[PDB]
Each structure stands twice: as C-alpha cells, then as structure tokens.
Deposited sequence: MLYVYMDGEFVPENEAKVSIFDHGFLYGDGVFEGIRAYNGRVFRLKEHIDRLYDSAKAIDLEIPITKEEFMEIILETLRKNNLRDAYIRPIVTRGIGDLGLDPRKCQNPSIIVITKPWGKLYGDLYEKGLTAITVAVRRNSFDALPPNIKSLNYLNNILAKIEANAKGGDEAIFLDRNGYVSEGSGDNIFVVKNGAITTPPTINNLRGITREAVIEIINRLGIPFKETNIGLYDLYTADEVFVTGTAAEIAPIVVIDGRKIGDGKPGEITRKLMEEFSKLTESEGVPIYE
C-alpha cells in the first residue's frame, strides 16, 4: 500500500530495505530530513532540501542528484501514495564500501524518500526533564548536521522515559541550554522571548518560521544563551520542530512553568503557525 522511493524505484514499505554493507547502516553515515505536507502543500520544502545538502556537505558526502531533482522525487513519492497530509523523510546514505571507516571506498550513495500519512498533549502541555547527557559537541559531532547518528538524542529520550518526562532537554558541553531530543527550545519571560543560538543545536526550519512570526507580531526577541535558571523561572516554555510544530512545556524537572498550563504567548504562536502551514508550501498536485 505505501511506496518508498529507493534509488529510482518505488518499493512497498515492507520491502524497502538497504544493504547491511551500506555505511549509512554500519556507521550511521548518512543524512536525513523531516518535512511536512499540509493540505496538498509541502511546507518549506526548499529550506529542508537546502539543509539536507548542507548536512551532506558537512560530512563530505556528495548527493548524486540536484536539489530540483530531489524536490521532484519528493513530490512524485507523495503523488504515488496519494497523500495530502504527510510526514516526509528523505535520506541519503554514503553507500557501500568495505568494513572499515574510509568513506572514499564507498560507492553509490542511496537516495531514499519515505512518506507516511499524518492524522491532547497540546491542550495540557508536555512535561520535560533535563538530562545528564550533554548534547553532541559542535567540535565533535556537530548537532547542526541532521545525520543518521541520533544515539545522543535517543540516550536523552531513554532518560526522559525513565524519569517521567515527555521530552528531554539537553545542556551543551559548555553548560548552556541546547535543545530537546528532537526540537528547538524557546523561553518566554515578561513578554519577551529568548532562544539559544543555533551553534549547539540544529538550525530548525520551524524555529526560523516561529522567529519570523515573533518579529511580525513585534514580541521582543533575543537569540542568546540560556541556562537551567531561565527554564525553571520562565513564564512559558515551548519546543519547535517539524513533527511537534509548537509544543508547550508546562513542567520542567518537577517545577510548574508559570501557572502550569500552556501560556498566552505560546497559544498565540500556535495559532499563527497553524495559519502559516495552511497558506504556504509547494503544491503537490499541479
């Protein structure tokens, strides 16, 4: 029933498989994106594709097709599955080499496009915990690369699962707030909004869209380092990402954030963001 684009063919999900000798599998040597289709439009497709190519560049991986070709493949995959509302996961792998680490011995990067249909926690808000693991360092495994190396994020998620949080919050190698395991973080205090610079986290496309809205609404905004203290004493906290959209965080490390309910500024941004997703995007069908 659902087809996956895999190296020039459409393949049913149950048969969508990659060689175990692909370095993307052996070493997580590959890059991916997360993209949303709303009402027959692909939201910020070009921005996501730009980031995919940036991720590839960072790991010295040449994507064997052009950005225009990649965009067409994504639209084609959504068409083949007749989707209007979907989550899209393009993946590019290093390809097959030998059992060592050398990426120069790898031939034929795989191009994969997964599309899955998209059909309670946002009325109540999420509980978050700060994890003991620091975010992968920007001088070790830069988190700005959306790569198949996501075990740092998974360890944080495992901590959150064990420790009663819906979401994990990372600090970075220098003690600053970084992001959630799968999303950027914003703090609201006295009508002003702050978010960490992007060096220690990922340059979120949702984060960028939300900042555009914040500026359009004239809410005072600063991109600056934040600490545990700012999280705990915030009027409101929310996280942003493709899958999450804008998710309110109402408890952090057992402490109620403000009144413990999604805040007024968060709710306003949720509305404005919904509007943006309904009116922007590359059309799938004509």
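Judged by missing C-alpha atoms, the one gap in the deposited chain sequence falls at residues 120 to 123.
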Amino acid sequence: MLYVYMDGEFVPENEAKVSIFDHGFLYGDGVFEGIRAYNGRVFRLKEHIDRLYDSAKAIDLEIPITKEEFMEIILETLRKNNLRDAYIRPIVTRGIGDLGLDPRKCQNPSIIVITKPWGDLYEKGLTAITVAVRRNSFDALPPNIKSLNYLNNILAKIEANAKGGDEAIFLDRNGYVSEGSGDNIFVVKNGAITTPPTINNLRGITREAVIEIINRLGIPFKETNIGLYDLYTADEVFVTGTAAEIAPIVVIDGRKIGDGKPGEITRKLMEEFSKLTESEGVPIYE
From here on, numbers count along this sequence of modelled residues.
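Taking the mean C-alpha B-factor of each stretch as recorded, 66 to 74 and 47 to 55 are not equal, and the higher mean is that of 66 to 74.
In this entry, the higher average B-factor at the C-alpha atoms falls on 81 to 89, of the pair 165 to 173 and 81 to 89.
Between the residues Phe32, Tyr232, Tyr27, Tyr38, the entry's highest C-alpha temperature factor is the one at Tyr38. Per the PDB record, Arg104 has a higher Cα B-factor than any other of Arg207, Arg94, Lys157, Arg104. Compared with the other modelled residues of the chain, the Cα B-factor recorded for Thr115 ranks in the highest third. The PDB entry assigns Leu151 a C-alpha temperature factor belonging to the lowest third of its chain's modelled residues. When all modelled residues of the chain are sorted by CA temperature factor, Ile145 is found within the middle third.
When the CA B factors of the chain's modelled residues are split into thirds, the value for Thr198 lands in the middle one.
In the PDB entry, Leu99 places in the highest third of its chain by CA B-factor.
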